[PDB]
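Participant: A structural model of the following input is requested.
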Amino acid sequence: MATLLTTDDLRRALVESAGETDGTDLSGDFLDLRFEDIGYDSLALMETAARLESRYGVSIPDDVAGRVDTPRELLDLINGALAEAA
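Facilitator: Numbering: from 1, shown residues only. Sure, structure below:
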C-alpha cells in the first residue's frame, strides 16, 4: 500500500516548522488556507516540506514548493510522491 499523509500528519508537520517557540502559527485548521495567510513564508514552508521529505524519503522541487498555495495542494504533492516512495 502507498502510505499517504492525512490532514493530521500534515498538521503536525506544519506544527514542526512552527515549533521554534515564537508564535504567529497556525495550530489546528489550515489545510484550505494559503500558506501566506497562515504565516508561512518561503523558509517556514520549506521547513515543513523538508521535515516530511527527508522522513519519508522524497524530494520536492523548490519551484513547486512555491507553486503550492494551499496545504491541501501541498499534501497532494507529497502524497503523489509517496505513492512512488518507500
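
Participant: contacts and neighbour counts: CA atoms only from here.
Facilitator: Noted.

Participant: The longest helix seen in the chain - contacts with which helices or strands?
Facilitator: Longest helix in the chain by number of residues, with DSSP state H as the criterion: helix 42-56. Secondary-structure packing of helix 42-56 (3 or more CA pairs under 8 Å, 6 or more residues apart in numbering; DSSP states H and E): helix 7-17.

Participant: Contacts for the helix it packs on next, please.
Facilitator: For helix 7-17, the external contacting residues (CA atoms under 8 Å, 6 or more residues apart in numbering) are 25-31, 44-45, 47-49, 51-52, 75.

Participant: Which is the succeeding secondary structure element to the longest helix of the chain?
Facilitator: Going down the chain from helix 42-56, the next helix or strand is helix 71-82, by DSSP states H and E.

Participant: and the angle for that following helix with helix 7-17?
Facilitator: 100 degrees (axes from the mean of the first three to the mean of the last three CA atoms, to 10 degrees).

Participant: now helix 71-82 and helix 42-56, what's the angle there?
Facilitator: 30 degrees.

Participant: residues of helix 71-82 that come out buried?
Facilitator: Residues 71, 72, 74, 75, 77, 78, 79, 81, 82 are the ones in helix 71-82 that count as buried (16 or more other CA atoms under 10 Å).

Participant: and if you look at stretch 4-24?
Facilitator: 4, 5, 10, 11, 13, 14, 15, 16, 17, 18.

Participant: what residues are up against residue 79?
Facilitator: 4, 5.

Participant: Now the buried members of the contacts of helix 7-17.
Facilitator: By 16+ other CA under 10 Å, the contacts of helix 7-17 give 25, 26, 30, 31, 44, 45, 47, 48, 49, 52, 75 as buried.

Participant: how near is the spatially most distant residue from the centre of the chain to residue 49?
Facilitator: Ranked by distance from the centre of the chain (CA atoms, centre = their mean), the top residue is residue 1, with 21.4 Å. Counting by CA to CA, to the nearest Å, the gap from residue 1 to residue 49 is 22 Å.

Participant: Repeat that for residue 4.
Facilitator: Taking CA to CA, one finds residue 4 at 14 Å from residue 49.

Participant: Kind regards, and thank you for your time.
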